[PDB]
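To start, the structure under review is shown below, and the notes come after it.
Protein chains in written order, with PDB author numbering: chain E, 3 to 238, 240 to 292, 296 to 366, 368 to 393; chain F, 1 to 86, 88 to 132, 134 to 203, 210 to 223, 225 to 288, 293 to 393; chain H, 2 to 86, 88 to 206, 212 to 393; chain G, 2 to 86, 88 to 206, 212 to 383, 385 to 393.
What follows is the structure, given as structure tokens:
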């Protein structure tokens, strides 16, 4: 099996916010470097890295390698950039698990990175010309990142569709949203994010020192009344700017090793990867997805699980999962989620797994992390935290 | 053991830039190859456990292009999918799948590469936050696909650097290109690419590679070097930008056996190498030492023709006889849809070796930021 | 004190993206200005001022008329401005006539030019940014040139409104369109456009014939065409001119100067009229201008030997038939813009020119040139041809 | 036959991306033409035509001058034209003067407008395609507006060239710059721009002051400034104006028509001169334009009470000293474009009016307004009543 030796994330930034100046490759390098520092592992020793990134446009050749070089890894470390939309930050970890299990490696770096703030605009008729009449200035973040390729609708449209399907009320979504924010704010104040987060420090333009050491998106200060008064976002629907995360900047990484290698090097791992699941479904079934399948393979019931993390693409997802999974909500995203913390799409997958790990401070046990992704794919990972 | 076998393989013709496949999207090219490979494999989409598709410049292609291609190929929503980025991508997809099979996580998989350089978009980096004074209208193909993120040069610059370091003359490079063109044309005419090409279908039909130019040394010696006044690489000794896709049905040797499939090839092993940016030769050697093999034991080699300079450096590093090397030509003649070339070289090596009722082959590829991927194959 | 036209020239009219695609508006302008001067037997050193009509100036640089003026071999000392009124080419002449009549000048160069092929697309979101969601890649030629600022509609819409208002049928428009092609082909074939046309020669080529004239055209082909910018309209690609490239220019003088220099004037400008009407009434604007001009000059329609009414739409000329009462055989005798194209800032120049040359050829007399323009403006000129 | 200026008004001048950022040029234009009509006591129905200067027309839609006139309340009946000459704002007035003198009209409205903040960027490779390799996102304000078509350089380069050709030191230019802010600050404070300025109101908001005047300037802050567009240059951000938002307009009439209506004109236009020169001789053109206007008119420089020479650069006014030989105490007494900004299409209009109002507050008379324009000169002589 595969074990998680270390885990770090950058704090998550608001769109056009605190990490606006920092490229996706830069956030990646920082977490990859920090993860290596935590594991007491030199970059010289890594056998490969995988970094998730959803919208790669304009970031240059092989963003994953660019990050790995920033991290301090030698040219000798093989590298690849992965796109599984949403699920990318976490699919990277599982993929690396697959590599180790196939016996090709014992020390790998895995993760996710996203700089939504820096995704460029495109000119689709730029190359061959528009010839006559108005054309488009395509926002690639919306197009490649948040737009379904089959139904041609914003992701929030699937969020709504799920709300309808499972009879999930606007108020119940709103209440969930409030909980994400309150639970996050409290977790942050209590320092529960200290273990996962590493700061981003840079000398900016004009010599300005910059230090970003805490998550930007948490609203303090919010209330049910405020949430209730929001207008629905992509349908005149129940999804609003309140009950869905925004668009954000962030990154996260892990040092993954075989159980044998970690032992020989005398590292005390954070957790072990028992196994993973993946699901595929019609595009509009984004909310559904996977955890159930994972449990069944491992001869486990929802009851055996101590804690779950389900990415809050929308409140409607977690809630859909409640109907599908049957977990107790008090065991689910105990420190908030994406709604409060933001959703750098490439990084979200890394964060939930990571967070779940640090929480299971309870001298903990069995955790499950799950994510939905564009085109109705589901990814689930079961962990045994020590 | 367990080991990975290539059950089937197909590719599209490789189109010229703004050429015959200009209107066809990369997901579309991918869908066709993924579909044909399953047909040739005699396997239903419903039994595929996964798909990995290489694609270098994903910009403006929509969410998850592999999944788009996968759905276009007839695979159900249940089949999981990804989209990968490594030059090497076409081929990294096959090896990554090989790891998944060896990890014992699946028995049937679809892997490949796709690229539509014709459809890569231009970008406005100042559009979102705003530009006073002129800005850039950036060519994402050049920028994301063909430019070194480290040295901030075009890849041909790296090609020239190799020529300088290994003392590879402009004339030898030109000789290799001529050779690439002649062998490919001969191969097309003898119908050797037929086993691997699947046509792409105001009805239109594209059934043949578009980039072969029939012509000689004299002409090549006359060409201006591209990103160097003083360089040896030219439009002539290097491939252009192109449109294409390729895909494979891959299985565990065990699963194919259970089904009565007689696979094209068994994948013996693979190596990856990494290097400073100005630097697939080292990769091959690595693959050979691990397998207790040497240059002599291998029947044929496919080394992607990123530049004439590349294969020629490898000879100096690996020491193969060029007579065993890109026998039906290469990328200089056939074009380079970057995400796809990795699939093509493996495939087209497998097919030539097969025609020869043959045996061992090595496919190797160079990629941006100096990475190298090589695969060892026993063809049946 | 009156204004005489001493000389006149135009370039052939190119098709959109056609023979003049690589030639800029000012270069086309420099050529007509040069030819006009040469034909008049006058040195640039002697010009007291220049005015060039140009409609979509975007991206052609500072003061295009001055670029053209220098290209024409005119010295630095000669004052220049760029004019924007579809009427710009004519208005440049009338403005110049007012100048001479004010006693400010005795020799002027007036004209108009357009390189519709060279008009850039624009990115209205560019300067301040798009932030999030799609923007527009705006076609300046359609926006600035072909779109009504008031009704926010394509000019074809007003063409249609006119047809409905005056009960001009689709078939009449088509018959008129067809007549234009037939007559333009005939005139060219007979050398009739030689007097106005000057060739454009350049290495990147020889351009000396009007590009847009169709010879294989018939009612059958025309009637099959779909309506444009409406569904249900009567305007089509056939009965409306396309978008085009070209320039036209004139040497103008006071009557006294030309006599003093021993020049044989082509014509004497007797007078002019301008009108403004509500936006939808573009078609009527020129007819009303002619009627105003005629009243002012003691003249009736019967008193005019020939009329040129710019063919913005076939509906326009037919609309003018209803208002003016002229006989259609005394109008656009060698065809019009439907046939030869409409390089917008230059049409007004051609129609005058070609009215002049036709009447000459007839040992001729009295003529009226009229043009409708955007925001429903009307311009008419009466010429006494010698 | 002569032309009189019955009325005049301008909007405040806004900084780039400033207070007027959200106002289109046609709109700035519409307000000024309505105010000029109200001030003159003339109905839009009585107007015989309009001309509005405007430099960068791109993206503003069909006939920006006509858009402005309707917004001003003029009926569809009034003929209109949009004009492009730096000098566009002033030239619209002289153009109209020539129409009145041709006996073609007795009532016209002339002016200029510019919204530099609203000029779009362009994609030259957008229509026919870039094909391969990077292309340009071109800033039309800079390209069409501020760059010489012939010499392919920013106008500041011509600004430098003059200083050098005429030996106008960095220090002299800077003293002038400080002077422009000082005076501009003083008049604004004392209500001296009150006559010309007309407020811009818009619910989205009130703008009734010039935004660009920098109180708090000094010669050591001006001297510390880096040269722009040339590393060895002497024109700076300090001694040249920026890019601005604004508009101005006038109600014009024949002398007879004005007398017929009971109007008491602000001023009478005595004549005007237009000059042309090699492109790098930008600074010299207005200077030559003035001398020609004085001579054609039997006048000497001593004959003029007040001069307005647009502050394209400090270098321009200083070059004009040399050429014309005026006393500077008579030049730009209430500051200029350096302090006020330069919405290029409207500056010519502003200078004529500020001049007229100044001469008028002194109960005075003879004035010359001059301006340089791209591609290298316009001058106007007026009798202020």
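Note that CB positions come from ideal geometry on N, CA and C, so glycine has one too.
Pick from the options: whose alpha carbon is nearest that of residue i?
{"i": "residue 381(E)", "options": "172(E), 260(E), 185(E) and 152(E)", "result": "152(E)"}
{"i": "residue 261(H)", "options": "100(H), 69(H) and 34(H)", "result": "100(H)"}
{"i": "residue 288(G)", "options": "109(G), 265(G), 365(G) and 166(G)", "result": "166(G)"}
{"i": "residue 240(F)", "options": "161(F), 285(F), 315(F) and 305(F)", "result": "161(F)"}
{"i": "residue 173(F)", "options": "322(F), 17(F), 32(F) and 12(F)", "result": "322(F)"}
{"i": "residue 66(F)", "options": "392(F), 353(F), 386(F) and 329(F)", "result": "353(F)"}
{"i": "residue 320(G)", "options": "34(G), 88(G) and 103(G)", "result": "88(G)"}
{"i": "residue 104(F)", "options": "96(E), 113(E) and 145(E)", "result": "96(E)"}
{"i": "residue 283(H)", "options": "13(G), 51(G) and 202(G)", "result": "51(G)"}
{"i": "residue 238(H)", "options": "130(H), 158(H) and 328(H)", "result": "158(H)"}
{"i": "residue 212(E)", "options": "20(E), 41(E) and 12(E)", "result": "20(E)"}
{"i": "residue 387(H)", "options": "297(H), 338(H) and 124(H)", "result": "297(H)"}
So, for residue i: in the same chain, excluding its five sequence neighbours on each side, which residues have a beta-carbon less than 6 Å away from its beta-carbon?
{"i": "residue 273(F)", "result": "6 and 363"}
{"i": "residue 47(E)", "result": "109"}
{"i": "residue 187(G)", "result": "220 and 222"}
{"i": "residue 308(F)", "result": "332 and 333"}
{"i": "residue 112(G)", "result": "52, 94, 95, 98, 257 and 259"}
{"i": "residue 170(H)", "result": "322 and 325"}
Can you pull the DSSP bridge partners for residue i?
{"i": "residue 301(F)", "result": "DSSP output for residue 301(F) lists no bridge partner at all."}
{"i": "residue 238(G)", "result": "Its beta-bridge partners do not exist; DSSP assigns none."}
{"i": "residue 386(G)", "result": "281(G) and 378(G)"}
{"i": "residue 391(F)", "result": "275(F) and 373(F)"}
{"i": "residue 16(F)", "result": "251(F)"}
{"i": "residue 243(E)", "result": "234(E)"}
Tell me which same chain residues have a C-beta within less than 7 Å of the C-beta of residue i, skipping the five on either side of it?
{"i": "residue 243(G)", "result": "232, 233, 234 and 235"}
{"i": "residue 28(H)", "result": "72"}
{"i": "residue 68(F)", "result": "27 and 62"}
{"i": "residue 343(H)", "result": "182, 317 and 318"}
Does the beta-carbon distance from residue i to residue j come in below 8 Å?
{"i": "residue 64(H)", "j": "residue 85(G)", "result": "yes"}
{"i": "residue 256(G)", "j": "residue 37(G)", "result": "yes"}
{"i": "residue 135(H)", "j": "residue 356(H)", "result": "no"}
{"i": "residue 276(H)", "j": "residue 200(H)", "result": "no"}
{"i": "residue 59(G)", "j": "residue 126(G)", "result": "no"}
{"i": "residue 246(G)", "j": "residue 229(G)", "result": "yes"}
{"i": "residue 53(E)", "j": "residue 116(E)", "result": "no"}
{"i": "residue 61(E)", "j": "residue 70(E)", "result": "no"}
{"i": "residue 215(F)", "j": "residue 190(F)", "result": "no"}
{"i": "residue 164(H)", "j": "residue 346(H)", "result": "no"}
{"i": "residue 359(H)", "j": "residue 392(H)", "result": "no"}
{"i": "residue 300(G)", "j": "residue 202(G)", "result": "no"}
{"i": "residue 394(G)", "j": "residue 293(G)", "result": "Summary: the structure shown does not reach residue 394(G), with chain G confined to residues 2 through 393, and so no result is reported for it."}
Can you list, in chain order, the residues of its chain with a C-beta nearer than 8 Å to that of residue i? Leave out the 5 residues immediately preceding and following it.
{"i": "residue 155(F)", "result": "149 and 236"}
{"i": "residue 303(E)", "result": "278 and 280"}
Exercise. Entirely within the region 58 to 130 of chain E and at least 3 residues each: give me those beta strand (DSSP E) ranges in chain order.
Key: Correct list: 81 to 84, 109 to 117 and 123 to 125.
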